>>> print(open('protein_25.csv').read())   # CSV, C-alpha atoms and all ligand atoms
chain,number,residue,atom,x,y,z
P,12,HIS,CA,80.5,121.6,138.0
P,13,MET,CA,76.8,120.7,138.3
P,14,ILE,CA,77.2,118.9,141.6
P,15,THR,CA,74.4,119.4,144.0
P,16,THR,CA,74.4,119.5,147.8
P,17,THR,CA,71.4,119.4,150.1
P,18,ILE,CA,71.8,119.7,153.9
P,19,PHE,CA,69.3,118.7,156.6
P,20,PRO,CA,68.8,118.8,160.4
P,21,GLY,CA,69.1,115.2,161.8
P,22,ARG,CA,65.6,114.8,163.1
P,23,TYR,CA,62.5,117.1,162.8
P,24,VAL,CA,59.8,116.4,165.4
P,25,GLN,CA,56.5,118.2,165.4
P,26,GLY,CA,53.1,118.1,167.0
P,27,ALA,CA,50.7,119.3,169.7
P,28,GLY,CA,52.3,118.5,173.1
P,29,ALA,CA,55.7,117.7,171.6
P,30,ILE,CA,57.5,119.5,174.5
P,31,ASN,CA,56.5,116.5,176.5
P,32,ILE,CA,58.8,114.2,174.6
P,33,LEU,CA,61.7,116.7,174.9
P,34,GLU,CA,63.3,114.6,177.7
P,35,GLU,CA,63.0,111.5,175.6
P,36,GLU,CA,64.8,113.3,172.7
P,37,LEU,CA,67.6,114.6,174.9
P,38,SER,CA,68.1,111.1,176.5
P,39,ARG,CA,69.1,109.8,173.0
P,40,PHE,CA,72.3,111.9,173.4
P,41,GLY,CA,73.1,111.2,177.0
P,42,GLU,CA,72.2,112.1,180.6
P,43,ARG,CA,73.4,115.7,180.8
P,44,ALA,CA,71.9,118.7,179.0
P,45,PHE,CA,72.7,122.4,179.0
P,46,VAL,CA,69.6,124.5,178.3
P,47,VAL,CA,69.6,128.0,177.0
P,48,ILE,CA,66.1,129.4,177.5
P,49,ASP,CA,64.3,132.7,176.9
P,50,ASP,CA,63.2,134.2,180.2
P,51,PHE,CA,59.6,134.8,179.0
P,52,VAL,CA,59.5,131.2,177.9
P,53,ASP,CA,60.9,129.9,181.2
P,54,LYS,CA,58.3,131.8,183.3
P,55,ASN,CA,55.2,131.9,181.0
P,56,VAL,CA,55.4,129.1,178.5
P,57,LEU,CA,57.1,126.1,180.1
P,58,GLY,CA,56.8,127.3,183.7
P,59,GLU,CA,59.8,127.8,186.0
P,60,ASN,CA,59.6,124.3,187.4
P,61,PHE,CA,59.1,122.5,184.1
P,62,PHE,CA,62.4,120.6,184.3
P,63,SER,CA,61.8,119.4,187.8
P,64,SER,CA,59.8,116.5,186.2
P,65,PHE,CA,62.9,115.1,184.4
P,66,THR,CA,64.3,111.8,185.7
P,67,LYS,CA,66.5,110.5,183.0
P,68,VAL,CA,68.4,113.7,182.0
P,69,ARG,CA,70.1,116.2,184.3
P,70,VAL,CA,69.5,119.8,183.2
P,71,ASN,CA,71.7,122.8,183.7
P,72,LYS,CA,69.2,125.6,182.9
P,73,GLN,CA,70.5,129.0,182.0
P,74,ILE,CA,68.4,132.1,181.2
P,75,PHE,CA,69.4,133.7,177.9
P,76,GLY,CA,70.7,137.3,178.1
P,77,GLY,CA,68.5,138.3,175.2
P,78,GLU,CA,71.0,139.0,172.5
P,79,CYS,CA,72.8,136.5,170.3
P,80,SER,CA,76.2,138.2,170.6
P,81,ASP,CA,79.7,136.8,170.8
P,82,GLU,CA,79.8,138.1,174.4
P,83,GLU,CA,76.7,136.1,175.3
P,84,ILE,CA,77.9,133.1,173.4
P,85,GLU,CA,81.2,133.3,175.4
P,86,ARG,CA,79.4,133.8,178.7
P,87,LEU,CA,77.1,130.8,178.3
P,88,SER,CA,79.9,128.6,176.9
P,89,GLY,CA,81.9,129.1,180.1
P,90,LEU,CA,78.9,127.7,182.1
P,91,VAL,CA,78.8,124.4,180.3
P,92,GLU,CA,80.2,121.5,182.3
P,93,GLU,CA,82.6,119.2,180.4
P,94,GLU,CA,80.4,116.2,181.0
P,95,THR,CA,77.6,117.9,179.0
P,96,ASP,CA,76.1,115.6,176.3
P,97,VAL,CA,73.8,118.0,174.5
P,98,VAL,CA,73.1,121.8,174.2
P,99,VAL,CA,69.5,122.9,173.9
P,100,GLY,CA,67.9,126.2,172.8
P,101,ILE,CA,64.3,127.0,173.7
P,102,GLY,CA,62.6,130.2,172.5
P,103,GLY,CA,62.8,132.7,169.6
P,104,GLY,CA,65.4,133.1,166.9
P,105,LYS,CA,68.1,134.7,169.0
P,106,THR,CA,67.9,132.1,171.7
P,107,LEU,CA,68.1,129.3,169.1
P,108,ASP,CA,71.0,130.9,167.2
P,109,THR,CA,72.9,131.3,170.5
P,110,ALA,CA,72.4,127.7,171.3
P,111,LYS,CA,73.7,126.6,167.9
P,112,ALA,CA,76.8,128.8,168.3
P,113,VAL,CA,77.5,127.5,171.9
P,114,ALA,CA,77.1,123.9,170.6
P,115,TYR,CA,79.4,124.6,167.7
P,116,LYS,CA,82.1,126.2,170.0
P,117,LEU,CA,82.0,123.2,172.3
P,118,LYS,CA,81.6,120.5,169.7
P,119,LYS,CA,78.4,119.2,171.1
P,120,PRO,CA,75.1,118.1,169.4
P,121,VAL,CA,72.3,120.7,169.6
P,122,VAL,CA,68.5,120.4,170.0
P,123,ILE,CA,66.5,123.4,168.8
P,124,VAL,CA,63.0,124.1,170.3
P,125,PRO,CA,61.3,127.1,168.6
P,126,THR,CA,58.4,128.5,170.6
P,127,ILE,CA,57.1,130.6,167.7
P,128,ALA,CA,57.0,129.8,163.9
P,129,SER,CA,58.0,133.2,162.7
P,130,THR,CA,61.1,132.5,160.6
P,131,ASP,CA,62.6,129.6,158.7
P,132,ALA,CA,65.9,129.8,160.6
P,133,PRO,CA,65.5,126.9,163.1
P,134,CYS,CA,66.7,124.1,160.9
P,135,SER,CA,69.6,126.0,159.3
P,136,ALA,CA,73.3,125.6,159.8
P,137,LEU,CA,73.5,129.3,160.5
P,138,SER,CA,73.6,131.7,163.5
P,139,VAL,CA,73.1,135.4,163.0
P,140,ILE,CA,75.4,137.3,165.5
P,141,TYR,CA,74.8,140.8,166.7
P,142,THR,CA,76.7,143.4,168.8
P,143,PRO,CA,75.5,143.7,172.4
P,144,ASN,CA,73.3,146.6,171.2
P,145,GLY,CA,71.4,144.4,168.7
P,146,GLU,CA,73.0,145.7,165.5
P,147,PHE,CA,73.9,143.1,163.0
P,148,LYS,CA,77.5,142.0,163.3
P,149,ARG,CA,78.1,138.9,161.2
P,150,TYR,CA,76.8,135.5,160.0
P,151,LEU,CA,78.3,132.4,161.5
P,152,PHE,CA,78.1,129.5,159.0
P,153,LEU,CA,77.9,126.3,160.9
P,154,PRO,CA,79.4,122.9,159.8
P,155,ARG,CA,76.3,121.0,160.8
P,156,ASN,CA,72.6,121.6,160.9
P,157,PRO,CA,70.9,121.1,164.3
P,158,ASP,CA,70.7,117.4,165.4
P,159,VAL,CA,67.0,117.8,166.4
P,160,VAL,CA,64.4,120.5,165.8
P,161,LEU,CA,61.4,120.0,168.0
P,162,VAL,CA,58.3,122.0,167.4
P,163,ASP,CA,55.3,121.9,169.8
P,164,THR,CA,52.4,123.3,167.8
P,165,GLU,CA,50.3,123.9,170.9
P,166,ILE,CA,53.0,126.3,172.2
P,167,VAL,CA,53.0,128.0,168.8
P,168,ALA,CA,49.2,128.3,168.7
P,169,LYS,CA,49.3,130.1,172.1
P,170,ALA,CA,51.6,132.8,170.7
P,171,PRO,CA,50.1,135.8,169.0
P,172,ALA,CA,48.8,135.3,165.4
P,173,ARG,CA,51.1,138.1,164.2
P,174,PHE,CA,54.1,135.8,164.7
P,175,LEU,CA,52.6,132.9,162.6
P,176,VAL,CA,51.7,135.4,159.8
P,177,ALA,CA,55.2,136.8,159.9
P,178,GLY,CA,56.5,133.2,159.5
P,179,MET,CA,54.3,132.9,156.5
P,180,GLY,CA,55.9,136.0,155.0
P,181,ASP,CA,59.4,134.6,155.4
P,182,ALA,CA,58.1,131.3,153.9
P,183,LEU,CA,56.3,133.1,151.0
P,184,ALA,CA,59.7,134.2,149.7
P,185,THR,CA,61.1,130.6,149.6
P,186,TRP,CA,59.7,129.4,146.3
P,187,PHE,CA,60.4,132.7,144.4
P,188,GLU,CA,64.0,132.9,145.6
P,189,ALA,CA,64.7,129.2,145.1
P,190,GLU,CA,63.2,129.2,141.6
P,191,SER,CA,65.4,132.1,140.6
P,192,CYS,CA,68.5,130.3,141.9
P,193,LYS,CA,67.3,127.1,140.0
P,194,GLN,CA,67.0,129.1,136.8
P,195,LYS,CA,70.4,130.8,137.3
P,196,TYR,CA,72.2,127.6,138.4
P,197,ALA,CA,73.3,129.7,141.4
P,198,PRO,CA,74.9,128.1,144.5
P,199,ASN,CA,73.0,127.6,147.7
P,200,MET,CA,74.3,128.1,151.3
P,201,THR,CA,76.7,125.2,150.8
P,202,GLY,CA,78.4,126.6,147.7
P,203,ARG,CA,77.1,123.8,145.4
P,204,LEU,CA,73.8,123.7,143.4
P,205,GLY,CA,70.4,122.9,144.8
P,206,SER,CA,68.9,119.5,144.2
P,207,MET,CA,65.6,118.7,142.6
P,208,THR,CA,64.4,117.9,146.1
P,209,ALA,CA,65.3,121.3,147.5
P,210,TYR,CA,63.5,123.1,144.7
P,211,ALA,CA,60.5,120.8,145.1
P,212,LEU,CA,60.3,121.4,148.8
P,213,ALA,CA,60.4,125.2,148.2
P,214,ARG,CA,57.4,124.9,145.8
P,215,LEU,CA,55.5,122.7,148.3
P,216,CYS,CA,56.1,125.4,150.9
P,217,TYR,CA,54.4,128.0,148.7
P,218,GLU,CA,51.5,125.6,147.7
P,219,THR,CA,50.9,124.9,151.4
P,220,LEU,CA,50.8,128.5,152.4
P,221,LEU,CA,48.2,129.3,149.7
P,222,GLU,CA,46.0,126.5,150.7
P,223,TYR,CA,46.1,126.4,154.4
P,224,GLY,CA,47.4,129.8,155.5
P,225,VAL,CA,44.0,131.4,156.3
P,226,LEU,CA,42.8,128.2,158.0
P,227,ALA,CA,45.9,128.1,160.2
P,228,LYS,CA,45.5,131.8,161.1
P,229,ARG,CA,41.9,131.2,162.2
P,230,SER,CA,43.2,128.3,164.3
P,231,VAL,CA,45.8,130.4,166.1
P,232,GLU,CA,43.3,133.3,166.6
P,233,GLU,CA,41.6,130.7,168.9
P,234,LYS,CA,44.9,129.4,170.4
P,235,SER,CA,44.0,126.1,168.8
P,236,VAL,CA,45.8,123.4,166.9
P,237,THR,CA,44.3,121.9,163.8
P,238,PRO,CA,45.9,119.8,161.0
P,239,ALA,CA,45.8,123.1,158.8
P,240,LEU,CA,48.0,124.7,161.5
P,241,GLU,CA,50.3,121.7,161.6
P,242,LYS,CA,50.8,122.0,157.8
P,243,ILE,CA,51.6,125.7,158.0
P,244,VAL,CA,54.0,125.3,161.0
P,245,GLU,CA,55.8,122.5,159.0
P,246,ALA,CA,55.9,124.8,155.9
P,247,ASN,CA,57.2,127.8,157.9
P,248,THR,CA,59.9,125.7,159.6
P,249,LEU,CA,61.0,122.5,157.8
P,250,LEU,CA,59.9,123.2,154.2
P,251,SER,CA,61.0,126.8,154.1
P,252,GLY,CA,64.2,126.1,156.0
P,253,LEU,CA,65.3,123.4,153.5
P,254,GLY,CA,64.1,125.5,150.6
P,255,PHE,CA,66.0,128.6,151.4
P,256,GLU,CA,69.2,127.0,152.6
P,257,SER,CA,69.5,124.3,149.9
P,258,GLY,CA,67.5,126.0,147.2
P,259,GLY,CA,68.9,129.5,147.6
P,260,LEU,CA,68.2,133.2,148.3
P,261,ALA,CA,67.7,135.9,145.7
P,262,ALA,CA,65.8,139.3,145.4
P,263,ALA,CA,63.3,139.2,148.3
P,264,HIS,CA,65.8,138.8,151.1
P,265,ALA,CA,68.2,141.4,149.6
P,266,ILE,CA,65.3,143.8,149.4
P,267,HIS,CA,64.4,143.0,153.1
P,268,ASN,CA,68.0,143.8,153.9
P,269,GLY,CA,67.8,147.1,152.1
P,270,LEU,CA,64.6,148.0,154.0
P,271,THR,CA,66.6,147.8,157.3
P,272,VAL,CA,68.4,151.1,156.4
P,273,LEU,CA,65.2,153.0,157.2
P,274,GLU,CA,64.6,153.1,160.9
P,275,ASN,CA,60.7,153.3,160.6
P,276,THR,CA,60.8,149.6,159.6
P,277,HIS,CA,62.5,148.4,162.7
P,278,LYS,CA,59.3,147.8,164.6
P,279,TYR,CA,58.2,145.3,161.9
P,280,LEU,CA,59.1,141.6,162.0
P,281,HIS,CA,61.5,139.9,159.6
P,282,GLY,CA,58.8,138.1,157.7
P,283,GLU,CA,56.6,141.2,157.4
P,284,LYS,CA,59.4,143.0,155.6
P,285,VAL,CA,60.3,139.9,153.6
P,286,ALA,CA,56.7,140.0,152.2
P,287,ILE,CA,57.3,143.5,150.8
P,288,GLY,CA,60.5,142.2,149.2
P,289,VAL,CA,58.6,139.4,147.6
P,290,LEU,CA,55.9,141.7,146.1
P,291,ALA,CA,58.6,144.1,144.8
P,292,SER,CA,60.5,141.1,143.4
P,293,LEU,CA,57.4,139.9,141.4
P,294,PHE,CA,57.4,143.2,139.5
P,295,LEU,CA,61.2,143.3,139.3
P,296,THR,CA,61.5,139.8,137.8
P,297,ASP,CA,58.6,140.0,135.3
P,298,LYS,CA,56.0,137.6,136.8
P,299,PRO,CA,52.8,137.2,134.9
P,300,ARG,CA,49.6,139.0,135.9
P,301,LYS,CA,47.9,135.9,137.4
P,302,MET,CA,50.9,135.2,139.6
P,303,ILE,CA,51.1,138.8,140.9
P,304,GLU,CA,47.3,138.6,141.6
P,305,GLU,CA,47.7,135.2,143.4
P,306,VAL,CA,50.4,136.5,145.7
P,307,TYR,CA,48.7,139.8,146.6
P,308,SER,CA,45.5,137.9,147.2
P,309,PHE,CA,47.3,135.6,149.6
P,310,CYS,CA,48.9,138.5,151.5
P,311,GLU,CA,45.6,140.2,151.8
P,312,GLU,CA,43.8,137.2,153.2
P,313,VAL,CA,46.4,136.4,155.9
P,314,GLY,CA,47.2,139.9,156.8
P,315,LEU,CA,50.8,140.4,155.4
P,316,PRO,CA,51.7,143.9,154.3
P,317,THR,CA,51.1,144.8,150.6
P,318,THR,CA,52.1,148.5,150.8
P,319,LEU,CA,55.0,150.5,152.0
P,320,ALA,CA,52.7,152.2,154.6
P,321,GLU,CA,52.1,148.9,156.2
P,322,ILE,CA,55.8,148.6,157.1
P,323,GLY,CA,56.0,152.2,158.4
P,324,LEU,CA,56.9,153.9,155.2
P,325,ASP,CA,53.8,155.9,154.4
P,326,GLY,CA,54.8,158.8,152.2
P,327,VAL,CA,58.4,157.6,152.1
P,328,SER,CA,60.7,159.8,149.9
P,329,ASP,CA,62.4,158.8,146.7
P,330,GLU,CA,65.7,159.6,148.4
P,331,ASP,CA,64.9,157.1,151.2
P,332,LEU,CA,63.7,154.4,148.7
P,333,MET,CA,66.9,154.8,146.7
P,334,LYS,CA,69.0,154.1,149.9
P,335,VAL,CA,67.0,150.9,150.3
P,336,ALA,CA,67.6,149.9,146.6
P,337,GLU,CA,71.3,150.7,146.8
P,338,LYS,CA,71.7,148.6,150.0
P,339,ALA,CA,69.7,145.7,148.4
P,340,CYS,CA,72.1,145.8,145.4
P,341,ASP,CA,75.4,145.6,147.3
P,342,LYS,CA,77.8,143.5,145.2
P,343,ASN,CA,77.7,140.8,147.8
P,344,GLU,CA,73.9,140.7,148.1
P,345,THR,CA,71.8,137.7,147.1
P,346,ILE,CA,69.9,139.7,144.5
P,347,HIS,CA,72.6,139.0,142.1
P,348,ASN,CA,71.5,135.3,142.1
P,349,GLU,CA,68.6,136.5,139.9
P,350,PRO,CA,68.9,135.4,136.3
P,351,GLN,CA,68.5,139.0,135.2
P,352,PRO,CA,71.2,141.6,135.9
P,353,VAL,CA,69.9,143.9,138.6
P,354,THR,CA,70.7,147.5,139.3
P,355,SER,CA,69.6,149.7,142.2
P,356,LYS,CA,67.3,151.8,139.9
P,357,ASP,CA,65.5,148.6,138.9
P,358,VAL,CA,64.7,147.8,142.6
P,359,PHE,CA,63.7,151.4,143.3
P,360,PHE,CA,61.2,151.2,140.5
P,361,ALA,CA,59.9,147.8,141.5
P,362,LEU,CA,59.3,149.0,145.1
P,363,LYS,CA,57.3,152.0,143.9
P,364,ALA,CA,55.3,150.0,141.3
P,365,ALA,CA,54.5,147.2,143.8
P,366,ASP,CA,53.4,149.8,146.4
P,367,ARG,CA,51.0,151.5,143.9
P,368,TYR,CA,49.5,148.2,142.8
P,369,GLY,CA,48.9,147.2,146.5
P,370,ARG,CA,47.4,150.6,147.3
P,371,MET,CA,45.0,150.5,144.4
P,372,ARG,CA,43.8,147.0,145.3
P,373,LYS,CA,43.0,148.4,148.7
P,374,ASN,CA,41.2,151.4,147.3
P,375,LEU,CA,43.8,153.8,148.8
R,401,CL,CL,62.6,132.1,153.2
R,402,ZN,ZN,64.3,135.1,156.1
>>> encode(input="protein_25.csv", output="structure tokens", more="lines below")
Ligand SMILES: [Cl-]
Ligand SMILES: [Zn+2]
Amino acid sequence: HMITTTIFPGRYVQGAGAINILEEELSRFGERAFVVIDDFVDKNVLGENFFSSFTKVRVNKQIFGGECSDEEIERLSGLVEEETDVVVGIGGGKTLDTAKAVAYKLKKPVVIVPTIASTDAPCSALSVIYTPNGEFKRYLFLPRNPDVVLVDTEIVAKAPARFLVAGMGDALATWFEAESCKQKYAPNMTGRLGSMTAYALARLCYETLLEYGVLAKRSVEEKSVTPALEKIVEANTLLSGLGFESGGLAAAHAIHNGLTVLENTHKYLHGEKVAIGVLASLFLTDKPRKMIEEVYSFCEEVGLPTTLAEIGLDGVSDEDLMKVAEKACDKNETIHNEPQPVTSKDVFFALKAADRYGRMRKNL
């Protein structure tokens, strides 16, 4: 009853060139590290011989199979030597979630090194597990958040701007969903209530996006790191992570989940579809005119979708939209954390209204 719980990664390290202090961070755990790395990252981001420069920590480097599946988690787990002191994940979301799962299975600390700032999952005590074919299988709730999250903003700036923008879409949802949970007194990912700190970090996330998002996008377009980019990477990773996990999820992510039932949306990134969920949720939950205008203006300036056509649903049928709404309103979905009672028809209507509003702003 009214008890809060806020969870955190142990250490969050961020800056241009931070990959160069990875050895120092691993050495705080011991002398043996098991590294799970994305193949593209090994060859094109760190360089195949990157670990040859280590002198204080012995690395067992293993190329990630590509899918965070129970099968891959089992395969990698069997390659870990007993004397291993720390597990490391370097790459995108699936690589990081796999590393978290392997560390959990072997009861070892984990260091998470995202090479893109495209979702707010890095700092979380969660791994999303898929079948070998890439279809969602289940959520693995972890007992501990990562011991270290290390973000090299120079590596992030060299990745395509599309990925930073998608991270801003995943982050954009944080305040709206956490605010709904705060109003509802809904539980967060721990089962207890969010703290004043969690809700304040979710609001800071949103304010940071509005103020620095465009400046950060201009920086990444030139593969450059500026303080504006640093603030947005921190917002997309640390603030958004804490805000969604300890503040809570609500309509936007449930709507994103419903959108996955339409195959035309599969080529779009998580954060791009979350943005559509956010916009629909502003109509659904009765936001005032100035707030709706503020969010659409932000999406327009950074290049997030504001219409169904922009996520591959140009001319989508009412029948297809109702499938999305029904999926979003599954009894176990987060949309029920909204203070208002929500039915599928309400979501269907909000998606259509949000789309029409976005199209008219764009003179379509
Ligand atoms: Cl989020
Ligand atoms: Zn998300």
>>> residues_around(input="protein_25.csv", residues="region 79-81 of chain P", least_positions_apart="3", cutoff="7 Å", atoms="all atoms listed in the file", output="list in words")
residues 84, 85, 105, 106, 108, 109, 140, 141, 142 and 143 of chain P
>>> atom_distance(input="protein_25.csv", atom1="CA of residue 197 (chain P)", atom2="CA of residue 273 (chain P)")
29.3 Å
>>> residues_near_ligand(input="protein_25.csv", ligand="ligand ZN 402 (chain R)", cutoff="7 Å", atoms="all atoms listed in the file", output="ChimeraX atom specification")
/P:130-131,181,264,281-282,285
>>> residues_around(input="protein_25.csv", residues="residue 270 (chain P)", least_positions_apart="6", cutoff="8 Å", atoms="only C-alpha atoms", output="PyMOL selection string")
chain P and resi 276+284+335+339
>>> residues_near_ligand(input="protein_25.csv", ligand="ligand CL 401 (chain R)", cutoff="8 Å", atoms="all atoms listed in the file", output="ChimeraX atom specification")
/P:130-131,180-186,188,251-252,254-255,260,264
>>> closest_residue(input="protein_25.csv", among="P:25, P:275, P:88, P:95", to="residue 37 (chain P)", atoms="all atoms listed in the file")
P:95
>>> residues_around(input="protein_25.csv", residues="residue 225 (chain P)", least_positions_apart="4", cutoff="12 Å", atoms="only C-alpha atoms", output="compact mmCIF listing (two decimals) with C-alpha atoms, keeping the file's coordinate frame")
# COMPACT_ATOMS: atom_id res chain seq x y z
CA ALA P 172 48.80 135.30 165.40
CA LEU P 175 52.60 132.90 162.60
CA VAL P 176 51.70 135.40 159.80
CA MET P 179 54.30 132.90 156.50
CA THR P 219 50.90 124.90 151.40
CA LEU P 220 50.80 128.50 152.40
CA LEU P 221 48.20 129.30 149.70
CA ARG P 229 41.90 131.20 162.20
CA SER P 230 43.20 128.30 164.30
CA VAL P 231 45.80 130.40 166.10
CA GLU P 232 43.30 133.30 166.60
CA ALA P 239 45.80 123.10 158.80
CA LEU P 240 48.00 124.70 161.50
CA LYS P 242 50.80 122.00 157.80
CA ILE P 243 51.60 125.70 158.00
CA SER P 308 45.50 137.90 147.20
CA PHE P 309 47.30 135.60 149.60
CA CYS P 310 48.90 138.50 151.50
CA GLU P 311 45.60 140.20 151.80
CA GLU P 312 43.80 137.20 153.20
CA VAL P 313 46.40 136.40 155.90
CA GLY P 314 47.20 139.90 156.80
CA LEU P 315 50.80 140.40 155.40
>>> atom_distance(input="protein_25.csv", atom1="CA of residue 58 (chain P)", atom2="CA of residue 104 (chain P)")
19.7 Å
>>> residues_around(input="protein_25.csv", residues="residue 57 (chain P)", least_positions_apart="3", cutoff="12 Å", atoms="all atoms listed in the file", output="list in words")
residues 28, 30, 31, 33, 48, 49, 50, 51, 52, 53, 54, 60, 61, 62, 63, 64, 101, 102, 124, 126, 163, 165, 166 and 169 of chain P
>>> build_atoms(input="protein_25.csv", residues="region 178-193 of chain P", atoms="N, CA and C atoms", output="PDB file, keeping the file's coordinate frame")
ATOM      1  N   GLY P 178      55.866 134.433 159.988  1.00  0.00           N
ATOM      2  CA  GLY P 178      56.500 133.200 159.500  1.00  0.00           C
ATOM      3  C   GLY P 178      56.073 132.896 158.087  1.00  0.00           C
ATOM      4  N   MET P 179      54.785 133.114 157.810  1.00  0.00           N
ATOM      5  CA  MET P 179      54.300 132.900 156.500  1.00  0.00           C
ATOM      6  C   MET P 179      54.899 133.852 155.455  1.00  0.00           C
ATOM      7  N   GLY P 180      55.231 135.069 155.897  1.00  0.00           N
ATOM      8  CA  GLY P 180      55.900 136.000 155.000  1.00  0.00           C
ATOM      9  C   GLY P 180      57.321 135.586 154.673  1.00  0.00           C
ATOM     10  N   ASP P 181      58.079 135.106 155.677  1.00  0.00           N
ATOM     11  CA  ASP P 181      59.400 134.600 155.400  1.00  0.00           C
ATOM     12  C   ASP P 181      59.331 133.369 154.515  1.00  0.00           C
ATOM     13  N   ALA P 182      58.327 132.524 154.752  1.00  0.00           N
ATOM     14  CA  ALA P 182      58.100 131.300 153.900  1.00  0.00           C
ATOM     15  C   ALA P 182      57.643 131.608 152.519  1.00  0.00           C
ATOM     16  N   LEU P 183      56.867 132.676 152.355  1.00  0.00           N
ATOM     17  CA  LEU P 183      56.300 133.100 151.000  1.00  0.00           C
ATOM     18  C   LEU P 183      57.481 133.297 150.059  1.00  0.00           C
ATOM     19  N   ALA P 184      58.576 133.851 150.555  1.00  0.00           N
ATOM     20  CA  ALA P 184      59.700 134.200 149.700  1.00  0.00           C
ATOM     21  C   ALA P 184      60.427 132.909 149.191  1.00  0.00           C
ATOM     22  N   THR P 185      60.304 131.799 149.902  1.00  0.00           N
ATOM     23  CA  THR P 185      61.100 130.600 149.600  1.00  0.00           C
ATOM     24  C   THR P 185      61.047 130.132 148.183  1.00  0.00           C
ATOM     25  N   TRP P 186      59.835 129.916 147.664  1.00  0.00           N
ATOM     26  CA  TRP P 186      59.700 129.400 146.300  1.00  0.00           C
ATOM     27  C   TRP P 186      60.268 130.434 145.296  1.00  0.00           C
ATOM     28  N   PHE P 187      59.919 131.714 145.442  1.00  0.00           N
ATOM     29  CA  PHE P 187      60.400 132.700 144.400  1.00  0.00           C
ATOM     30  C   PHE P 187      61.858 132.796 144.374  1.00  0.00           C
ATOM     31  N   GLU P 188      62.503 132.792 145.544  1.00  0.00           N
ATOM     32  CA  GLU P 188      64.000 132.900 145.600  1.00  0.00           C
ATOM     33  C   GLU P 188      64.644 131.645 145.127  1.00  0.00           C
ATOM     34  N   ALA P 189      64.131 130.498 145.540  1.00  0.00           N
ATOM     35  CA  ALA P 189      64.700 129.200 145.100  1.00  0.00           C
ATOM     36  C   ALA P 189      64.546 129.042 143.633  1.00  0.00           C
ATOM     37  N   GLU P 190      63.389 129.425 143.090  1.00  0.00           N
ATOM     38  CA  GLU P 190      63.200 129.200 141.600  1.00  0.00           C
ATOM     39  C   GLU P 190      64.170 130.086 140.867  1.00  0.00           C
ATOM     40  N   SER P 191      64.445 131.296 141.326  1.00  0.00           N
ATOM     41  CA  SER P 191      65.400 132.100 140.600  1.00  0.00           C
ATOM     42  C   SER P 191      66.795 131.473 140.655  1.00  0.00           C
ATOM     43  N   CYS P 192      67.191 130.942 141.810  1.00  0.00           N
ATOM     44  CA  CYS P 192      68.500 130.300 141.900  1.00  0.00           C
ATOM     45  C   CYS P 192      68.515 129.028 140.991  1.00  0.00           C
ATOM     46  N   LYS P 193      67.400 128.311 140.888  1.00  0.00           N
ATOM     47  CA  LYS P 193      67.300 127.100 140.000  1.00  0.00           C
ATOM     48  C   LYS P 193      67.568 127.549 138.576  1.00  0.00           C
TER      49      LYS P 193
END
